[PDB]
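Colleague: Next up, data.pdb (PDB, C-alpha atoms and all ligand atoms).
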MODEL        1
ATOM      1  CA  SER S 272     153.907 146.408 110.487
ATOM      2  CA  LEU S 273     151.125 145.590 108.087
ATOM      3  CA  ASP S 274     153.293 143.055 106.376
ATOM      4  CA  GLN S 275     153.495 140.881 109.556
ATOM      5  CA  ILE S 276     150.247 139.288 108.314
ATOM      6  CA  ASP S 277     151.306 138.408 104.763
ATOM      7  CA  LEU S 278     151.377 134.649 105.396
ATOM      8  CA  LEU S 279     148.383 134.787 107.709
ATOM      9  CA  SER S 280     146.306 136.236 105.023
ATOM     10  CA  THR S 281     147.560 133.693 102.601
ATOM     11  CA  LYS S 282     146.886 130.756 104.748
ATOM     12  CA  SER S 283     143.782 131.810 106.679
ATOM     13  CA  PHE S 284     141.972 134.779 105.277
ATOM     14  CA  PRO S 285     138.902 134.488 103.036
ATOM     15  CA  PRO S 286     139.165 135.642  99.388
ATOM     16  CA  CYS S 287     137.342 138.840 100.234
ATOM     17  CA  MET S 288     139.946 139.748 102.798
ATOM     18  CA  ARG S 289     143.110 138.382 101.297
ATOM     19  CA  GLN S 290     142.436 140.608  98.430
ATOM     20  CA  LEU S 291     142.090 143.652 100.538
ATOM     21  CA  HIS S 292     145.288 142.756 102.221
ATOM     22  CA  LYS S 293     147.126 142.303  98.943
ATOM     23  CA  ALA S 294     145.701 145.470  97.739
ATOM     24  CA  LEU S 295     146.696 147.464 100.825
ATOM     25  CA  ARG S 296     150.231 146.371 100.582
ATOM     26  CA  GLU S 297     150.492 147.104  96.928
ATOM     27  CA  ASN S 298     148.752 150.474  96.797
ATOM     28  CA  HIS S 299     149.417 151.692 100.231
ATOM     29  CA  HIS S 300     145.788 152.765 100.440
ATOM     30  CA  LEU S 301     142.159 151.746 100.398
ATOM     31  CA  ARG S 302     138.945 153.543  99.580
ATOM     32  CA  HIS S 303     136.179 153.782 102.087
ATOM     33  CA  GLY S 304     134.339 150.657 101.268
ATOM     34  CA  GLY S 305     137.382 148.536 101.594
ATOM     35  CA  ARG S 306     138.606 150.101 104.725
ATOM     36  CA  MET S 307     135.595 149.047 106.635
ATOM     37  CA  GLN S 308     135.526 145.506 105.353
ATOM     38  CA  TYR S 309     139.142 144.682 106.035
ATOM     39  CA  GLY S 310     139.416 146.953 109.058
ATOM     40  CA  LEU S 311     136.537 145.349 110.848
ATOM     41  CA  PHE S 312     137.623 141.928 109.843
ATOM     42  CA  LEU S 313     140.905 142.620 111.464
ATOM     43  CA  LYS S 314     139.092 143.881 114.520
ATOM     44  CA  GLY S 315     137.313 140.605 114.586
ATOM     45  CA  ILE S 316     140.568 138.746 114.923
ATOM     46  CA  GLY S 317     141.804 140.860 117.774
ATOM     47  CA  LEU S 318     143.901 143.343 115.871
ATOM     48  CA  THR S 319     143.791 147.003 114.916
ATOM     49  CA  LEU S 320     144.493 148.634 111.545
ATOM     50  CA  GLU S 321     145.705 152.218 111.647
ATOM     51  CA  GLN S 322     147.453 154.762 109.412
ATOM     52  CA  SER S 346     151.977 153.952 106.458
ATOM     53  CA  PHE S 347     149.565 151.519 108.140
ATOM     54  CA  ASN S 348     150.366 149.308 111.065
ATOM     55  CA  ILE S 349     148.837 146.501 113.138
ATOM     56  CA  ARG S 350     148.669 146.104 116.846
ATOM     57  CA  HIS S 351     146.680 144.076 119.337
ATOM     58  CA  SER S 352     143.483 145.865 120.435
ATOM     59  CA  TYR S 362     132.398 147.748 115.424
ATOM     60  CA  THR S 363     130.407 144.804 114.246
ATOM     61  CA  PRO S 364     132.268 142.691 111.700
ATOM     62  CA  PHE S 365     131.006 142.178 108.142
ATOM     63  CA  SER S 366     128.887 139.163 107.237
ATOM     64  CA  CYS S 367     129.088 137.266 103.963
ATOM     65  CA  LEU S 368     125.562 138.486 103.197
ATOM     66  CA  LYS S 369     126.367 142.012 104.025
ATOM     67  CA  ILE S 370     129.346 141.792 101.757
ATOM     68  CA  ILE S 371     127.547 139.862  99.047
ATOM     69  CA  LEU S 372     124.539 142.076  98.820
ATOM     70  CA  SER S 373     125.327 145.627  99.756
ATOM     71  CA  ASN S 374     127.508 148.079  97.827
ATOM     72  CA  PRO S 375     129.131 146.314  94.842
ATOM     73  CA  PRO S 376     132.667 147.473  93.955
ATOM     74  CA  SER S 377     133.544 150.040  91.300
ATOM     75  CA  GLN S 378     136.964 150.012  89.803
ATOM     76  CA  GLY S 379     139.558 151.182  92.225
ATOM     77  CA  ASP S 380     137.387 149.485  94.829
ATOM     78  CA  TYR S 381     138.921 146.231  95.935
ATOM     79  CA  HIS S 382     136.139 145.260  98.431
ATOM     80  CA  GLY S 383     133.111 142.879  98.102
ATOM     81  CA  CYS S 384     133.272 139.063  97.774
ATOM     82  CA  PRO S 385     135.091 137.571  94.889
ATOM     83  CA  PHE S 386     132.793 134.627  94.503
ATOM     84  CA  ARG S 387     130.032 136.948  93.634
ATOM     85  CA  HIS S 388     131.669 140.091  92.388
ATOM     86  CA  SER S 389     134.573 138.690  90.457
ATOM     87  CA  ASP S 390     134.173 137.927  86.843
ATOM     88  CA  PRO S 391     134.640 134.230  86.360
ATOM     89  CA  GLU S 392     137.633 134.131  84.009
ATOM     90  CA  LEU S 393     139.639 136.204  86.437
ATOM     91  CA  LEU S 394     138.239 134.165  89.239
ATOM     92  CA  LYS S 395     139.784 131.085  87.712
ATOM     93  CA  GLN S 396     143.048 132.942  87.578
ATOM     94  CA  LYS S 397     142.969 134.004  91.151
ATOM     95  CA  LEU S 398     142.150 130.469  92.160
ATOM     96  CA  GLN S 399     145.022 129.555  89.980
ATOM     97  CA  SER S 400     147.487 131.878  91.810
ATOM     98  CA  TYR S 401     146.485 130.175  95.062
ATOM     99  CA  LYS S 402     147.688 126.734  93.741
ATOM    100  CA  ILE S 403     144.189 125.193  93.684
ATOM    101  CA  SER S 404     143.906 122.174  91.392
ATOM    102  CA  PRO S 405     141.612 122.343  88.348
ATOM    103  CA  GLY S 406     139.322 119.778  89.914
ATOM    104  CA  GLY S 407     138.416 122.011  92.716
ATOM    105  CA  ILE S 408     138.517 125.054  90.552
ATOM    106  CA  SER S 409     135.932 123.425  88.399
ATOM    107  CA  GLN S 410     133.727 122.423  91.276
ATOM    108  CA  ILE S 411     133.853 125.879  92.659
ATOM    109  CA  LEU S 412     133.195 127.387  89.318
ATOM    110  CA  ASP S 413     130.038 125.377  89.205
ATOM    111  CA  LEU S 414     128.948 126.706  92.616
ATOM    112  CA  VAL S 415     129.440 130.330  91.602
ATOM    113  CA  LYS S 416     127.227 129.841  88.578
ATOM    114  CA  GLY S 417     124.710 128.173  90.975
ATOM    115  CA  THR S 418     124.912 131.450  92.925
ATOM    116  CA  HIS S 419     126.291 129.319  95.802
ATOM    117  CA  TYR S 420     129.055 131.635  96.880
ATOM    118  CA  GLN S 421     129.267 130.631 100.523
ATOM    119  CA  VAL S 422     129.409 126.983  99.506
ATOM    120  CA  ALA S 423     131.975 127.871  96.949
ATOM    121  CA  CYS S 424     134.015 129.570  99.718
ATOM    122  CA  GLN S 425     133.336 126.416 101.735
ATOM    123  CA  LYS S 426     134.719 124.348  98.910
ATOM    124  CA  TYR S 427     137.681 126.557  98.661
ATOM    125  CA  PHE S 428     138.311 126.254 102.405
ATOM    126  CA  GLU S 429     138.338 122.525 102.028
ATOM    127  CA  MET S 430     140.850 122.839  99.347
ATOM    128  CA  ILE S 431     143.356 125.150 101.019
ATOM    129  CA  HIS S 432     142.975 123.236 104.180
ATOM    130  CA  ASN S 433     142.843 119.815 102.639
ATOM    131  CA  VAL S 434     139.704 118.609 104.270
ATOM    132  CA  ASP S 435     136.951 116.632 102.653
ATOM    133  CA  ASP S 436     134.123 118.002 104.796
ATOM    134  CA  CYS S 437     134.743 121.342 106.475
ATOM    135  CA  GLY S 438     132.235 120.931 109.198
ATOM    136  CA  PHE S 439     130.516 124.260 109.479
ATOM    137  CA  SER S 440     127.864 126.211 107.765
ATOM    138  CA  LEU S 441     129.602 129.391 106.685
ATOM    139  CA  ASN S 442     128.135 132.846 106.904
ATOM    140  CA  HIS S 443     130.876 135.180 108.153
ATOM    141  CA  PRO S 444     134.485 135.821 107.178
ATOM    142  CA  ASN S 445     135.555 135.859 110.829
ATOM    143  CA  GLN S 446     134.204 132.333 110.999
ATOM    144  CA  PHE S 447     136.319 131.436 108.070
ATOM    145  CA  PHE S 448     139.244 132.744 110.039
ATOM    146  CA  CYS S 449     138.750 130.745 113.240
ATOM    147  CA  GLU S 450     137.656 127.696 111.390
ATOM    148  CA  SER S 451     140.934 127.921 109.645
ATOM    149  CA  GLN S 452     142.946 128.787 112.651
ATOM    150  CA  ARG S 453     141.668 125.571 114.157
ATOM    151  CA  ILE S 454     143.088 123.350 111.473
ATOM    152  CA  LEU S 455     146.385 125.100 111.342
ATOM    153  CA  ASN S 456     147.315 125.218 114.924
ATOM    154  CA  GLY S 457     145.852 121.772 115.232
TER     155      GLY S 457
ATOM    156  CA  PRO T 270     151.704 140.257 124.315
ATOM    157  CA  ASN T 271     148.801 141.899 125.852
ATOM    158  CA  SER T 272     147.919 141.020 129.428
ATOM    159  CA  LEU T 273     145.496 138.274 130.280
ATOM    160  CA  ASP T 274     142.798 140.408 131.689
ATOM    161  CA  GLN T 275     142.685 141.646 128.100
ATOM    162  CA  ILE T 276     140.447 138.745 127.331
ATOM    163  CA  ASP T 277     138.678 138.628 130.625
ATOM    164  CA  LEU T 278     135.455 139.564 128.923
ATOM    165  CA  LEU T 279     135.813 137.384 125.937
ATOM    166  CA  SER T 280     135.850 134.341 128.223
ATOM    167  CA  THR T 281     132.447 135.141 129.631
ATOM    168  CA  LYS T 282     131.210 135.791 126.129
ATOM    169  CA  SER T 283     132.652 133.008 124.104
ATOM    170  CA  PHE T 284     134.631 130.418 126.035
ATOM    171  CA  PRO T 285     133.039 127.109 126.981
ATOM    172  CA  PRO T 286     132.575 126.095 130.603
ATOM    173  CA  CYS T 287     135.901 124.360 130.731
ATOM    174  CA  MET T 288     137.811 127.280 129.393
ATOM    175  CA  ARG T 289     135.974 129.990 131.113
ATOM    176  CA  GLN T 290     136.755 128.072 134.279
ATOM    177  CA  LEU T 291     140.465 127.760 133.581
ATOM    178  CA  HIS T 292     140.641 131.496 132.889
ATOM    179  CA  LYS T 293     139.192 132.360 136.240
ATOM    180  CA  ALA T 294     141.645 130.207 138.090
ATOM    181  CA  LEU T 295     144.602 131.501 136.179
ATOM    182  CA  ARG T 296     143.721 135.103 136.839
ATOM    183  CA  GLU T 297     142.763 134.321 140.422
ATOM    184  CA  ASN T 298     145.641 131.972 141.462
ATOM    185  CA  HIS T 299     148.360 133.021 139.061
ATOM    186  CA  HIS T 300     149.320 129.604 137.917
ATOM    187  CA  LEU T 301     147.632 126.492 136.740
ATOM    188  CA  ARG T 302     148.859 123.021 137.042
ATOM    189  CA  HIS T 303     149.716 120.833 134.148
ATOM    190  CA  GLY T 304     146.377 119.627 132.896
ATOM    191  CA  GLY T 305     145.002 123.088 133.150
ATOM    192  CA  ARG T 306     147.819 124.690 131.256
ATOM    193  CA  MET T 307     147.599 122.185 128.542
ATOM    194  CA  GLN T 308     143.873 122.313 128.283
ATOM    195  CA  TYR T 309     143.841 126.082 128.469
ATOM    196  CA  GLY T 310     147.108 126.566 126.687
ATOM    197  CA  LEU T 311     146.161 124.463 123.762
ATOM    198  CA  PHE T 312     142.674 125.896 123.409
ATOM    199  CA  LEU T 313     144.138 129.285 123.094
ATOM    200  CA  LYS T 314     146.606 128.135 120.589
ATOM    201  CA  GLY T 315     143.666 126.776 118.606
ATOM    202  CA  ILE T 316     142.364 130.361 118.508
ATOM    203  CA  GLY T 317     145.645 131.562 117.109
ATOM    204  CA  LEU T 318     146.815 133.115 120.314
ATOM    205  CA  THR T 319     149.788 132.092 122.382
ATOM    206  CA  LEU T 320     149.874 132.239 126.201
ATOM    207  CA  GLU T 321     153.323 132.691 127.776
ATOM    208  CA  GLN T 322     154.470 132.605 131.381
ATOM    209  CA  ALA T 323     157.262 135.184 131.586
ATOM    210  CA  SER T 346     153.277 137.464 134.667
ATOM    211  CA  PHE T 347     151.189 135.885 131.962
ATOM    212  CA  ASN T 348     150.956 136.959 128.420
ATOM    213  CA  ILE T 349     149.131 136.103 125.328
ATOM    214  CA  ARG T 350     149.824 137.224 121.886
ATOM    215  CA  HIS T 351     149.145 136.214 118.377
ATOM    216  CA  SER T 352     150.642 133.257 116.783
ATOM    217  CA  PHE T 353     151.447 134.736 113.398
ATOM    218  CA  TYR T 362     150.368 119.352 120.510
ATOM    219  CA  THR T 363     146.728 119.157 119.468
ATOM    220  CA  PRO T 364     143.866 121.161 120.962
ATOM    221  CA  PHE T 365     141.627 118.962 123.093
ATOM    222  CA  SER T 366     138.272 117.627 121.945
ATOM    223  CA  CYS T 367     135.190 117.433 124.129
ATOM    224  CA  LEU T 368     135.643 113.699 124.427
ATOM    225  CA  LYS T 369     139.336 113.869 125.171
ATOM    226  CA  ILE T 370     138.668 116.268 128.049
ATOM    227  CA  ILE T 371     135.641 114.392 129.270
ATOM    228  CA  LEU T 372     137.030 110.875 129.020
ATOM    229  CA  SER T 373     140.669 111.372 129.896
ATOM    230  CA  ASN T 374     142.584 113.314 132.517
ATOM    231  CA  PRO T 375     140.039 113.797 135.206
ATOM    232  CA  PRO T 376     140.867 116.544 137.706
ATOM    233  CA  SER T 377     142.469 116.083 141.131
ATOM    234  CA  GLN T 378     141.860 118.693 143.763
ATOM    235  CA  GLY T 379     144.750 120.832 142.887
ATOM    236  CA  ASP T 380     143.478 120.923 139.343
ATOM    237  CA  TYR T 381     140.988 123.159 137.652
ATOM    238  CA  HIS T 382     140.653 121.326 134.305
ATOM    239  CA  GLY T 383     138.279 118.971 132.475
ATOM    240  CA  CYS T 384     134.560 119.383 131.548
ATOM    241  CA  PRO T 385     132.525 121.041 134.282
ATOM    242  CA  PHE T 386     129.243 119.412 133.266
ATOM    243  CA  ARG T 387     131.027 116.165 133.593
ATOM    244  CA  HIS T 388     133.484 116.693 136.425
ATOM    245  CA  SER T 389     131.618 119.067 138.694
ATOM    246  CA  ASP T 390     129.351 117.960 141.431
ATOM    247  CA  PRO T 391     125.967 119.153 140.301
ATOM    248  CA  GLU T 392     125.532 121.026 143.458
ATOM    249  CA  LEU T 393     128.537 123.040 142.653
ATOM    250  CA  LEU T 394     127.669 123.245 139.068
ATOM    251  CA  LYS T 395     124.360 124.581 140.138
ATOM    252  CA  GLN T 396     126.058 127.424 142.017
ATOM    253  CA  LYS T 397     128.435 127.949 139.223
ATOM    254  CA  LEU T 398     125.673 128.191 136.754
ATOM    255  CA  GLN T 399     123.857 130.643 138.904
ATOM    256  CA  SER T 400     126.930 132.667 139.191
ATOM    257  CA  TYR T 401     126.947 132.955 135.424
ATOM    258  CA  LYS T 402     123.528 134.407 135.241
ATOM    259  CA  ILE T 403     121.547 131.582 133.824
ATOM    260  CA  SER T 404     117.893 131.413 134.907
ATOM    261  CA  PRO T 405     116.146 128.593 136.765
ATOM    262  CA  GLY T 406     114.669 127.240 133.557
ATOM    263  CA  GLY T 407     118.126 127.057 132.153
ATOM    264  CA  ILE T 408     119.613 125.558 135.210
ATOM    265  CA  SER T 409     116.870 123.031 135.274
ATOM    266  CA  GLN T 410     117.338 121.838 131.787
ATOM    267  CA  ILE T 411     121.040 121.779 131.953
ATOM    268  CA  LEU T 412     120.857 119.659 135.025
ATOM    269  CA  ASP T 413     118.509 117.166 133.635
ATOM    270  CA  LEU T 414     120.973 116.703 130.756
ATOM    271  CA  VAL T 415     123.831 116.175 133.071
ATOM    272  CA  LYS T 416     121.717 113.576 134.722
ATOM    273  CA  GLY T 417     121.326 111.819 131.496
ATOM    274  CA  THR T 418     125.085 111.987 131.117
ATOM    275  CA  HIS T 419     124.622 114.158 128.083
ATOM    276  CA  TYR T 420     127.329 116.657 129.058
ATOM    277  CA  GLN T 421     127.995 117.937 125.592
ATOM    278  CA  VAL T 422     124.365 118.692 125.129
ATOM    279  CA  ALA T 423     124.377 120.087 128.617
ATOM    280  CA  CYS T 424     126.903 122.507 127.058
ATOM    281  CA  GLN T 425     124.738 123.336 124.053
ATOM    282  CA  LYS T 426     122.126 124.469 126.490
ATOM    283  CA  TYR T 427     124.695 126.806 127.942
ATOM    284  CA  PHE T 428     125.558 128.177 124.516
ATOM    285  CA  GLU T 429     122.042 128.886 123.603
ATOM    286  CA  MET T 430     121.264 130.419 126.919
ATOM    287  CA  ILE T 431     124.220 132.749 126.729
ATOM    288  CA  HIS T 432     123.347 133.831 123.211
ATOM    289  CA  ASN T 433     119.599 133.896 123.856
ATOM    290  CA  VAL T 434     119.127 131.533 120.912
ATOM    291  CA  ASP T 435     116.513 128.792 120.556
ATOM    292  CA  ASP T 436     118.954 126.344 118.968
ATOM    293  CA  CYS T 437     122.674 126.415 118.817
ATOM    294  CA  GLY T 438     122.726 124.982 115.309
ATOM    295  CA  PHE T 439     125.478 122.510 115.506
ATOM    296  CA  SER T 440     126.491 119.396 117.189
ATOM    297  CA  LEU T 441     129.198 120.211 119.614
ATOM    298  CA  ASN T 442     132.489 118.343 119.611
ATOM    299  CA  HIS T 443     135.186 120.823 120.342
ATOM    300  CA  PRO T 444     135.504 123.635 122.786
ATOM    301  CA  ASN T 445     137.177 125.543 119.983
ATOM    302  CA  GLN T 446     134.201 124.996 117.775
ATOM    303  CA  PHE T 447     132.048 126.433 120.506
ATOM    304  CA  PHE T 448     134.297 129.387 120.294
ATOM    305  CA  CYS T 449     134.015 130.082 116.633
ATOM    306  CA  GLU T 450     130.270 129.485 116.629
ATOM    307  CA  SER T 451     129.805 131.892 119.377
ATOM    308  CA  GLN T 452     131.927 134.501 117.821
ATOM    309  CA  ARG T 453     129.802 134.126 114.772
ATOM    310  CA  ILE T 454     126.667 135.036 116.629
ATOM    311  CA  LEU T 455     128.124 138.052 118.254
ATOM    312  CA  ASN T 456     129.324 138.907 114.799
ATOM    313  CA  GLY T 457     125.928 138.486 113.205
TER     314      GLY T 457
HETATM  315  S1  LIG N   1     132.156 133.782 100.900
HETATM  316 FE1  LIG N   1     131.833 134.998 102.626
HETATM  317  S2  LIG N   1     133.816 134.577 103.295
HETATM  318 FE2  LIG N   1     134.140 133.361 101.570
HETATM  319  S3  LIG N   1     134.862 135.063 100.504
HETATM  320 FE3  LIG N   1     132.879 135.486  99.834
HETATM  321  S4  LIG N   1     132.555 136.701 101.560
HETATM  322 FE4  LIG N   1     134.538 136.281 102.229
HETATM  323  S1  LIG N   2     131.148 120.305 126.799
HETATM  324 FE1  LIG N   2     132.890 120.418 125.569
HETATM  325  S2  LIG N   2     132.807 122.549 125.648
HETATM  326 FE2  LIG N   2     131.065 122.437 126.877
HETATM  327  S3  LIG N   2     132.297 122.421 128.621
HETATM  328 FE3  LIG N   2     132.380 120.290 128.542
HETATM  329  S4  LIG N   2     134.122 120.401 127.313
HETATM  330 FE4  LIG N   2     134.039 122.534 127.391
ENDMDL
END
How does the structure come out when it is put into structure tokens?
Ligand code: SF4
Ligand code: SF4
Modeller:
Amino acid sequence: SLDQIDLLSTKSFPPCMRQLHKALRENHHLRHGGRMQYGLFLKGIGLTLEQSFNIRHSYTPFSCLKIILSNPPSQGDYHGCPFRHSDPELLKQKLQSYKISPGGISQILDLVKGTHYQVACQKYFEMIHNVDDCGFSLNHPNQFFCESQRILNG
Amino acid sequence: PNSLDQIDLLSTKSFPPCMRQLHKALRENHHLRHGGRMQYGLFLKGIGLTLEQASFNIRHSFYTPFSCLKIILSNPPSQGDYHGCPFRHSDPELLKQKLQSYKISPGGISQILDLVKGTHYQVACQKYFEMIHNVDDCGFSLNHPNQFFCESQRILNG
């Protein structure tokens, strides 16, 4: 059942995925663009997404620069990266729904405006995971996943 | 819980030499001893998977995973054991046959060995990473088998 990963997406998914997850639950559907981003991200974590959707243990996953550059999202479309594609004022609100302190939120917000999205994600990661220095140069959402899974089951 | 051979290929692809080695032995002998269960069991947990011995199974997860230094400087392997760092705990003659078995070329085997000679086992392992991914430079400083994992997955990813 798709819902089995609610908490997993909260805790360890990137913003770009966690949104697609939230979306899928709430609209019981996804357009093309967002089926491939979240579907192949799931693949990347050893899990399959199939249609009334379900997940089961088991095609190149999407990179933060494939997401950031190609195919920006129309309305209805819930795919793309929120550091880049989200409008800032709403971005502050999403960061706010995630219980991220204003300090971080500010810092991040500076990075977005610097067009430093991946470093912003990086900052975020530090914040949800409570680490001062994350330790890895981020370029792929599957890397966000395992770099998170490490801290959690650590 | 899928079956273990379900990640038989992933171990060649993305597990370090200490984990790839524990996989073999678990699939081959059907058991592992303590230090090999813990090393291998905890590494997998670090991935978010969970090995179980009902017949061995692994599933998703939805004790602290061992560092390179933990493994290398603590709990050396007895004969009944298949754990620890290979670059550190293997005779180099056997490492040399193990590394051949994994399809690394002479130039790779040569460099790796020199490093082992210098007692630079972790860098001996970066050589392995780069060789397996056909990269000129791994990019990071290695500290954790689990970091080797994620870094590797990231290459195969793109
Ligand atoms: S940065 Fe890369 S990973 Fe972090 S959210 Fe934007 S896309 Fe997903
Ligand atoms: S170096 Fe760290 S990773 Fe490479 S083998 Fe020895 S322990 Fe496993």
Colleague: Distance cut-off 8 Å, counting only C-alpha atoms - which residues of chain T neighbour chain S? Return them as number ranges by chain.
Modeller: T: 271, 314-317, 350, 353, 362-364, 445-446, 449-450, 452-453, 456-457
Colleague: Counting all atoms listed in the file, which protein, DNA or RNA residues come within 8 Å of ligand LIG 2 (chain N), given as number ranges by chain?
Modeller: T: 285-288, 366-368, 370-371, 383-387, 420-425, 427, 441-445, 447
Colleague: Which chain S residues have any atom within 6 Å of an atom of ligand LIG 1 (chain N), and for each, what is the nearest pair of atoms with distance in Å to one decimal, counting all atoms listed in the file, rows sorted by chain and number, as JSON lines?
Modeller:
{"residue": "S:285", "atom": "CA", "partner": "N:LIG1", "partner_atom": "FE4", "distance": 4.8}
{"residue": "S:286", "atom": "CA", "partner": "N:LIG1", "partner_atom": "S3", "distance": 4.5}
{"residue": "S:287", "atom": "CA", "partner": "N:LIG1", "partner_atom": "FE4", "distance": 4.3}
{"residue": "S:367", "atom": "CA", "partner": "N:LIG1", "partner_atom": "FE1", "distance": 3.8}
{"residue": "S:384", "atom": "CA", "partner": "N:LIG1", "partner_atom": "FE3", "distance": 4.1}
{"residue": "S:385", "atom": "CA", "partner": "N:LIG1", "partner_atom": "FE3", "distance": 5.8}
{"residue": "S:386", "atom": "CA", "partner": "N:LIG1", "partner_atom": "FE3", "distance": 5.4}
{"residue": "S:420", "atom": "CA", "partner": "N:LIG1", "partner_atom": "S1", "distance": 5.5}
{"residue": "S:421", "atom": "CA", "partner": "N:LIG1", "partner_atom": "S1", "distance": 4.3}
{"residue": "S:424", "atom": "CA", "partner": "N:LIG1", "partner_atom": "FE2", "distance": 4.2}
{"residue": "S:443", "atom": "CA", "partner": "N:LIG1", "partner_atom": "FE1", "distance": 5.6}
{"residue": "S:444", "atom": "CA", "partner": "N:LIG1", "partner_atom": "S2", "distance": 4.1}
Colleague: Take the residues just selected and output them with C-alpha atoms as a tab-separated table (two decimals), keeping the file's coordinate frame.
Modeller:
chain	number	residue	atom	x	y	z
S	285	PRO	CA	138.90	134.49	103.04
S	286	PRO	CA	139.16	135.64	99.39
S	287	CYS	CA	137.34	138.84	100.23
S	367	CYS	CA	129.09	137.27	103.96
S	384	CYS	CA	133.27	139.06	97.77
S	385	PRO	CA	135.09	137.57	94.89
S	386	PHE	CA	132.79	134.63	94.50
S	420	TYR	CA	129.06	131.64	96.88
S	421	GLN	CA	129.27	130.63	100.52
S	424	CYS	CA	134.01	129.57	99.72
S	443	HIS	CA	130.88	135.18	108.15
S	444	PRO	CA	134.49	135.82	107.18
Colleague: For CA of residue 288 in chain S and CA of residue 380 in chain S, determine how far apart the two atoms are, in Å to one decimal place.
Modeller: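 A separation of 12.8 Å between them.
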Colleague: If I wrap all listed atoms of range 275-288 of chain S in a box with edges along x, y and z and add 3 Å on each side, what are its centre and edge lengths in Å to one decimal, as lines of an AutoDock Vina configuration file?
Modeller:
center_x = 145.4
center_y = 135.8
center_z = 104.5
size_x = 22.2
size_y = 16.1
size_z = 16.2
Colleague: Once the PyMOL selection byres (((chain T and resi 323) around 12) and not hetatm) is applied to the coordinates I shared, what remains selected? I want it as an MDAnalysis selection string.
Modeller: chainID T and resid 270 272 299:300 320:322 346:349
Colleague: Evaluate the PyMOL selection byres (((chain T and resi 437) around 8) and not hetatm) on the structure here and hand back the selected residues as a list in words.
Modeller: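 On this input, the PyMOL selection byres (((chain T and resi 437) around 8) and not hetatm) captures residues 425, 426, 428, 429, 434, 435, 436, 438 and 439 of chain T.
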Colleague: Please, could you write that set of residues out with C-alpha atoms as a short mmCIF file (atom, residue, chain, number, x, y, z; two decimals), in the coordinates of the input?
Modeller:
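Saved result, out35.cif, follows:
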data_model
loop_
_atom_site.label_atom_id
_atom_site.label_comp_id
_atom_site.auth_asym_id
_atom_site.auth_seq_id
_atom_site.Cartn_x
_atom_site.Cartn_y
_atom_site.Cartn_z
CA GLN T 425 124.74 123.34 124.05
CA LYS T 426 122.13 124.47 126.49
CA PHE T 428 125.56 128.18 124.52
CA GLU T 429 122.04 128.89 123.60
CA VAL T 434 119.13 131.53 120.91
CA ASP T 435 116.51 128.79 120.56
CA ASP T 436 118.95 126.34 118.97
CA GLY T 438 122.73 124.98 115.31
CA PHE T 439 125.48 122.51 115.51
#
Colleague: One decimal, Å: what's the distance from CA of residue 296 in chain S over to CA of residue 274 in chain S, could you say?
Modeller: 7.3 Å
Colleague: Apply the PyMOL selection byres (((chain S and resi 398) around 12) and not hetatm) to the displayed file and report the matching residues as a PDB file with C-alpha atoms, keeping the file's coordinate frame.
Modeller:
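Final file, out_14.pdb:
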ATOM      1  CA  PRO S 286     139.165 135.642  99.388  1.00  0.00           C
ATOM      2  CA  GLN S 290     142.436 140.608  98.430  1.00  0.00           C
ATOM      3  CA  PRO S 385     135.091 137.571  94.889  1.00  0.00           C
ATOM      4  CA  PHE S 386     132.793 134.627  94.503  1.00  0.00           C
ATOM      5  CA  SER S 389     134.573 138.690  90.457  1.00  0.00           C
ATOM      6  CA  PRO S 391     134.640 134.230  86.360  1.00  0.00           C
ATOM      7  CA  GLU S 392     137.633 134.131  84.009  1.00  0.00           C
ATOM      8  CA  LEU S 393     139.639 136.204  86.437  1.00  0.00           C
ATOM      9  CA  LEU S 394     138.239 134.165  89.239  1.00  0.00           C
ATOM     10  CA  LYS S 395     139.784 131.085  87.712  1.00  0.00           C
ATOM     11  CA  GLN S 396     143.048 132.942  87.578  1.00  0.00           C
ATOM     12  CA  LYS S 397     142.969 134.004  91.151  1.00  0.00           C
ATOM     13  CA  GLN S 399     145.022 129.555  89.980  1.00  0.00           C
ATOM     14  CA  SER S 400     147.487 131.878  91.810  1.00  0.00           C
ATOM     15  CA  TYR S 401     146.485 130.175  95.062  1.00  0.00           C
ATOM     16  CA  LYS S 402     147.688 126.734  93.741  1.00  0.00           C
ATOM     17  CA  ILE S 403     144.189 125.193  93.684  1.00  0.00           C
ATOM     18  CA  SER S 404     143.906 122.174  91.392  1.00  0.00           C
ATOM     19  CA  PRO S 405     141.612 122.343  88.348  1.00  0.00           C
ATOM     20  CA  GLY S 406     139.322 119.778  89.914  1.00  0.00           C
ATOM     21  CA  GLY S 407     138.416 122.011  92.716  1.00  0.00           C
ATOM     22  CA  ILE S 408     138.517 125.054  90.552  1.00  0.00           C
ATOM     23  CA  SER S 409     135.932 123.425  88.399  1.00  0.00           C
ATOM     24  CA  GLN S 410     133.727 122.423  91.276  1.00  0.00           C
ATOM     25  CA  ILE S 411     133.853 125.879  92.659  1.00  0.00           C
ATOM     26  CA  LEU S 412     133.195 127.387  89.318  1.00  0.00           C
ATOM     27  CA  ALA S 423     131.975 127.871  96.949  1.00  0.00           C
ATOM     28  CA  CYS S 424     134.015 129.570  99.718  1.00  0.00           C
ATOM     29  CA  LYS S 426     134.719 124.348  98.910  1.00  0.00           C
ATOM     30  CA  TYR S 427     137.681 126.557  98.661  1.00  0.00           C
ATOM     31  CA  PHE S 428     138.311 126.254 102.405  1.00  0.00           C
ATOM     32  CA  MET S 430     140.850 122.839  99.347  1.00  0.00           C
ATOM     33  CA  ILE S 431     143.356 125.150 101.019  1.00  0.00           C
TER      34      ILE S 431
END
Colleague: When you draw a straight line from CA of residue 416 in chain T to CA of residue 306 in chain T, how long is it in Å?
Modeller: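 Taking CA of residue 416 in chain T as the start and CA of residue 306 in chain T as the end point, the length is 28.6 Å.
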